[PDB]
Structure formats: structure tokens, C-alpha cells
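One chain is shown next in C-alpha cells, namely the form deposited in one PDB entry.
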């Protein structure tokens, strides 16, 4: 690790997982031995994907998440470095496995069957976050996971900001992506709150407009709540009460939407960290995520 200039990096806190994806002619019957058509090992995880996009956008970025020493972590660290991501804040654990998932894709109907990673590896704790020198960062994005610990991380960032002039305050964003009640306390933290379409629909909202008007009462004073809604584009709502919208920028052909939400989040964060307005950041998020949907992976998103 070398010298990182003060207030230069965007940190994403969350999951990194090894996804082993196998394409098969037909779903294997239990207890059978089959050969796949093709296989690929990929680095996944919401915060992990957002770091890849931030590096491709030209932002110095860092990932913070748990990993256990071993060959799975070696593959993931080499893949983070292949995408220019700084991994010096990784919380190395002495117990548990580095997450790894198995995804079987049936080439005859596109069905995806997933065997998700085990929960043995401890999540990043508030005590792990206390050890991080914050001066390095201009923005910290947190993927909502172990909410009670992440609330203490957010309170530490808020305390840091009270002693800084407006120019050296660290901007904060949070993502509430899973419909887990424990995560809903995270709406009250951060300057920017991203809420997924899946969370909005599980809370009874049928559109991004409904979700933002119905959930704005939960954010802290001054915060911007953002909700992307696939082909329907994305909306944002700030303290002035004006609903902002951008239409989607769909590709000529949709080929891969995995990580489109992480691409949208990273692109909104990047645009706002560059001093752009919320309307401009919302449009930029739709532009980059729409372009990504027409490409396999993140190469060529620009």
C-alpha cells in the first residue's frame, strides 16, 4: 500500500463473493456427474461491483469487506487489483470461509439455480471500522448488511464530520437492497439513501414515485432518497420535496443486467462526488447502467 492523498478515495463497505457460474444443457438430476458447456469464476457482491464501476469511471476507490486467508480470497484480491481497486482496508478474519456461490444456468430456458455462500465469515464490525483512518476518503458508501454494527460506523463518520469544515466533510451513502426489517433503521443515515425496487415492492409500493413519497419520512434531515426501477428509469427526492426523474437509456439489445443496480449506484455516487446536481447524477446513473445492460460484465461501460 502506498501514499493515498487526503480526501481522494471513495470507499465501498460490503460483500465480496466468488461466484462460480456453470452453463449446462439441462439441470442436473441429483447424484449425477455431468459436464458443463462453459464455466467462469467471477468476483461478485454489491459493494465489490460498485468498486469495479468506480475505478472504470476514473475514481480512486477502495473496498472494505471481510475475507479469510486462502485461495478463494487470493482469486478475489487479484480480480480487485485487475480492476484497480485498493484492498488495503479488507477486514481479514481468522475464522470462517471467504464467501463462494455456485450458480447453474440452464442454457435451454435461462433458469438460474443458486447455492448461496455459507454465513460462517464474520461481517465487518464497528470495532474493525474504528481502526480505519478516515482522512483518505471523500465518500463512504455502505451496503446494508449487519445494520446494528453499521449504524455505529455511520455515527463514527458523523462524529468525524462535526470537526471538519464543509469542504473536508465525508459524504455518506447507504443502500437498503434486501427486504430485511433490520436494515430499515439505515434509512435514517447518510446524505444519499438508495432503496431497491425489491424493497419498495415488499413494503407495498408499486412505483418509484410511490416508494419515494412513502419512505421519505424515514431519511435524516437534508438527505436524498433514490430509487431505480429497471426499464422505468429512476427517481430521486430531496429536502425541497421535488420529485426528480430520469427515463432509462435502454441498450439496443439487453444481454446482462447482473450488477446493473450496483452500476447505477456507483455512477450516481461518482456524479455527486464530482459536484454535479442530483438531476444530473440521476441521468448519469441511468446512462451508465443502461449501457451496462447491453454488455457482458463491466468492460466497455465507459
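If you superpose the two forms and keep the largest set of C-alpha atoms that fall within 1.5 Å, you have the rigid core. Numbering follows the first chain given and starts at 1.
Missing here is the form deposited in another entry; even so, the following discussion is about that form.
Just one of 135, 125, 185, 106 has a C-alpha that shifts by 2 Å or more between the shown form and the other one on a rigid core fit; which is it? The listed residue whose C-alpha shifts by at least 2 Å is 106.
Taking the rigid core as the reference frame, tell me whether residue 23 has a CA displacement of 2 angstroms or more between the shown form and the other one. Yes, its C-alpha moves 2 Å or more.
For residue 35, does the CA position differ by 2 Å or more between the shown form and the other one when the superposition is done on the rigid core? Yes; residue 35 is a residue whose C-alpha shifts (by 2 Å or more) between the shown form and the other one when the cores are overlaid.
After the core is overlaid between the shown form and the other one, has the C-alpha of residue 115 moved by 2 angstroms or more? Shift of 2 Å or more: yes.
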